[PDB]
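Read the single chain below, which is given as structure tokens and is the form deposited in one PDB entry.
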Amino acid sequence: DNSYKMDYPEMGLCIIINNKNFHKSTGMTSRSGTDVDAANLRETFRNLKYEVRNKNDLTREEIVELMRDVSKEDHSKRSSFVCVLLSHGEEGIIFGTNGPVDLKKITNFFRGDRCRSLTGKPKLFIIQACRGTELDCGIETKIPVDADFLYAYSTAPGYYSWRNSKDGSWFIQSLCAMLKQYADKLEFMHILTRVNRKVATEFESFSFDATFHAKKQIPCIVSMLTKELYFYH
């Protein structure tokens, strides 16, 4: 068929790793307002009938162990899997409270051959974290083991990722608003495309210092899905 089977007895897990406070030896700063994103996500995915588990202030080892355990659960009665990461980042990596974790390490747990009860089911990774330090100035006007993954990144490779301490990050605030409005009408890729547009046109940084002023952001959809994804029917 053209569309993933989403009529399993359960939608699936939605794990949200929310890191705000970081260890002293890291020099990493606290991500103020991240709880806004975490709460917004929790409610959005609960409304999508996901079983949501929230984690807070996990270490790199704790992140690894959480994903290992979760990958070893029996997902046979679940349609999909969602993991949302809220943290500092670097290209290809997310930060535990006490140090880096390669993203590949945690998603390898769910590879078609390592988590058999999710083989052929959509595995979604939503990543609110930096991918580098670059700023966007803007401009005027048998199946493969690596299949059935989707990575919804807040930014393009190499780029910084913008957040508002009060309103939420640009990406998650837009993701939730778009899932809320369209998760009953549009296929996921088209939801995510609405997300890009909303982040691209509605947001623009403000700074008293020109270096950080009027900067822009586009999110980055990375799809290895083999079917269309509708959260209904």
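Start at 1 with the first residue shown and count on from there.
Averaged over Cα atoms, the B-factor as recorded in the entry is higher for 106 to 114 than for the other of 83 to 91 and 106 to 114. Across the two stretches, 158 to 166 and 67 to 75, the PDB entry reports the greater mean Cα temperature factor for 67 to 75.
As recorded in the entry, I139 carries the highest CA temperature factor of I139, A129, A147, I126. Listed residues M224, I16, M11, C220 were ranked by CA B-factor as deposited; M11 comes out on top. Sort the chain's modelled residues by C-alpha temperature factor and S174 lands in the lowest third, per the entry.
Annotation for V101: CA B-factor lies in the middle third of the chain's modelled residues.
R53: CA B factor lies in the middle third for its chain, per the PDB record.
Sorting the modelled residues of the chain by their CA temperature factor places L41 in the middle third. Residue-level temperature factors show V195 in the lowest third of its chain, judged at the C-alpha atom.
Missing here is the form deposited with a partner chain bound; even so, the following discussion is about that form.
Proximity of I126 to its partner chain in the entry with it bound falls outside the 4.5 Å heavy atom cutoff.
The shortest heavy atom separation between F109 and its partner chain in the entry with it bound exceeds 4.5 Å. In the entry with it bound, its partner chain lies within 4.5 Å of some heavy atom of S87.
Although the partner is absent from this view, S80 stays clear of its partner chain in the entry with it bound, with no non-hydrogen atom inside 4.5 angstroms.
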